[PDB]
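Participant: Take this structure, written in structure tokens, and hold onto it; I'll ask about it next.
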Amino acid sequence: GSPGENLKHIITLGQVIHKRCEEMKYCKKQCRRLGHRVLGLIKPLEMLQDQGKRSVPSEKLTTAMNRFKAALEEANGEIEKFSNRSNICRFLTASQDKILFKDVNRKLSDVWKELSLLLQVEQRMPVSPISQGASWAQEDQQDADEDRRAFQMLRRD
């Protein structure tokens, strides 16, 4: 357990995600949308810490922060390990889906789904559109098919 700092840890985790991605120069180009969007979710999250509770965080709240932590580490963990051209080529070749944050985008919805419900029920604010569905990954596949053509140039040498 490590409250207080954890609050900011979440934001930073989601922020760097966008930096690490943009820093990369691979198929992640299309996935960049994820790292850029993830920032919109943490944006309002700050409102919670801003309140300045100055005490132990709510169980329900922490429960979402503890699980959400994976959404970040995982998101960046993908591109991080796939940073190596040889490491990314292995996946694309050993996988049909040309997406990095394929599952990351799905799981994220599961976590955000709760966080949002708590924000709309407590903060009573118009939380981002979390109720999307499988369509979320659908669009990712559409572009993933295109990028596949670009990755080709990387194959040869």
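Identifiers for the structure tokens are assigned positionally: chains receive A, B, ... in sequence, residues are indexed from 1 per chain, and ligands are indexed from 1 in the order shown.
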Considering only C-alpha atoms, tabulate each residue of stretch 23-83 of chain A that lies at most 12 Å from stretch 6-13 of chain A along with its nearest interatomic pair and the corresponding distance in Å to one decimal; arrange the rows by chain and ascending residue number and present them as a Markdown table.
Facilitator:
| residue | atom | partner | partner_atom | distance |
| --- | --- | --- | --- | --- |
| A:35 | CA | A:13 | CA | 10.5 |
| A:38 | CA | A:11 | CA | 9.6 |
| A:39 | CA | A:11 | CA | 8.0 |
| A:40 | CA | A:11 | CA | 10.2 |
| A:41 | CA | A:11 | CA | 9.0 |
| A:42 | CA | A:11 | CA | 5.5 |
| A:43 | CA | A:11 | CA | 7.7 |
| A:44 | CA | A:11 | CA | 9.8 |
| A:45 | CA | A:11 | CA | 7.6 |
| A:46 | CA | A:11 | CA | 7.4 |
| A:47 | CA | A:7 | CA | 10.5 |
| A:48 | CA | A:7 | CA | 8.4 |
| A:49 | CA | A:7 | CA | 6.4 |
| A:50 | CA | A:7 | CA | 9.8 |
| A:51 | CA | A:7 | CA | 11.6 |
| A:52 | CA | A:7 | CA | 10.8 |
| A:53 | CA | A:7 | CA | 11.2 |
| A:54 | CA | A:7 | CA | 11.6 |
| A:55 | CA | A:7 | CA | 11.9 |
| A:56 | CA | A:7 | CA | 11.1 |
| A:57 | CA | A:7 | CA | 9.2 |
| A:58 | CA | A:7 | CA | 11.9 |
| A:61 | CA | A:7 | CA | 10.4 |
| A:62 | CA | A:7 | CA | 9.2 |
| A:64 | CA | A:10 | CA | 10.8 |
| A:65 | CA | A:10 | CA | 7.4 |
| A:66 | CA | A:6 | CA | 8.9 |
| A:67 | CA | A:10 | CA | 10.6 |
| A:68 | CA | A:10 | CA | 7.9 |
| A:69 | CA | A:10 | CA | 6.5 |
| A:70 | CA | A:13 | CA | 9.8 |
| A:71 | CA | A:13 | CA | 9.3 |
| A:72 | CA | A:13 | CA | 5.8 |
| A:73 | CA | A:13 | CA | 7.2 |
| A:74 | CA | A:13 | CA | 10.3 |
| A:75 | CA | A:13 | CA | 9.6 |
| A:76 | CA | A:13 | CA | 8.6 |
| A:77 | CA | A:13 | CA | 11.0 |
Participant: Could you please determine the separation between atom CA of residue A:134 and atom CA of residue A:31 in Å, to one decimal place?
Facilitator: 16.4 Å
Participant: With distances taken over only C-alpha atoms, which of A:112, A:141, A:96, A:81 is nearest to residue A:127?
Facilitator: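 Using only C-alpha atoms, residue A:127 sits closest to A:112.
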Participant: Show me, as number ranges by chain, the residues that have an atom within 7 Å of residue A:113 when counting only C-alpha atoms, minus same-chain residues fewer than 4 positions from it.
Facilitator: A: 109, 117, 130
Participant: Could you tell me which of A:138, A:128, A:152, A:83 comes closest to residue A:103 if we count only C-alpha atoms?
Facilitator: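 Going through A:138, A:128, A:152, A:83 one by one, the smallest distance to residue A:103 is for A:138.
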Participant: Identify, on the basis of only C-alpha atoms, every residue whose closest approach to residue A:89 does not exceed 10 Å; exclude the query and any residue fewer than 3 positions from it along the same chain; express the result as an mmCIF file with C-alpha atoms, in the first residue's frame.
Facilitator:
data_model
loop_
_atom_site.group_PDB
_atom_site.id
_atom_site.type_symbol
_atom_site.label_atom_id
_atom_site.label_comp_id
_atom_site.auth_asym_id
_atom_site.auth_seq_id
_atom_site.Cartn_x
_atom_site.Cartn_y
_atom_site.Cartn_z
ATOM 1 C CA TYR A 26 6.828 1.923 -35.925
ATOM 2 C CA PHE A 82 8.201 -3.777 -28.947
ATOM 3 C CA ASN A 84 13.173 -3.056 -30.925
ATOM 4 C CA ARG A 85 12.584 -3.457 -34.662
ATOM 5 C CA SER A 86 13.483 -7.131 -34.256
ATOM 6 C CA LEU A 92 3.673 -8.813 -36.405
ATOM 7 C CA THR A 93 5.035 -11.919 -38.125
ATOM 8 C CA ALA A 94 3.962 -14.261 -35.328
ATOM 9 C CA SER A 95 0.520 -12.654 -35.136
ATOM 10 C CA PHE A 151 5.856 -2.312 -42.027
ATOM 11 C CA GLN A 152 6.906 -4.222 -45.144
ATOM 12 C CA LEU A 154 10.990 -2.400 -42.527
ATOM 13 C CA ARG A 155 11.124 -6.134 -43.233
#
Participant: Select, from A:100, A:137, A:115, A:16, the residue with the minimum atom-to-atom distance to residue A:79, counting only C-alpha atoms.
Facilitator: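 Counting only C-alpha atoms, the residue closest to residue A:79 is A:100.
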Participant: Between atom CA of residue A:1 and atom CA of residue A:37, what is the distance, to one decimal in Å?
Facilitator: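 Here the two named atoms are 28.2 Å from each other.
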Participant: Identify which of the residues A:153, A:147, A:5, A:135 lies closest to residue A:98, counting only C-alpha atoms when measuring atom-to-atom distances.
Facilitator: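 Nearest to residue A:98: A:147.
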Participant: For the structure I just gave you, how does DSSP split stretch 59-113 of chain A - specifically, which residues are helix (DSSP H, G or I)? Reply as a ChimeraX atom specification.
Facilitator: /A:59-81,85-93,102-113
